[PDB]
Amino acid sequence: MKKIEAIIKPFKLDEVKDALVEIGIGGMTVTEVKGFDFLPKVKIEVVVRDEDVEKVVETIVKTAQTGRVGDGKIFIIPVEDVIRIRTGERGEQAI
């Protein structure tokens, strides 16, 4: 599994959220952040199976891109395990 941390322009949040739901993303965590003068940005985090990382990255790039400076970045970070708090399920069962 991998954590995908994407920092995007605020006005792109609805579009990116909808696109991710479209490709099957079950849950996401969003945080208001600032970056670059510090400009407001939005962080989106999802944790997905290894085989689904590329489709997610492609979807975010295509939906969040404007071609202008400050579009943001995406980091792929390893995750050794995920646990669903409601049930105690782990791994594939927790995503």
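Don't overthink the numbering: it's just position in the shown sequence, from 1.
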| item | value |
| --- | --- |
| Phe36 to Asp37: deposited residues without atomic coordinates | 10 or more |
| 5-13 or 67-75, whichever carries the higher mean Cα B-factor | 67-75 |
| Higher-B stretch (mean Cα B-factor, as the entry records it), 76-84 or 16-24 | 16-24 |
| Chain-relative CA temperature factor third for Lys41 | lowest |
| Record-listed C-alpha B factor of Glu51: chain third | highest |
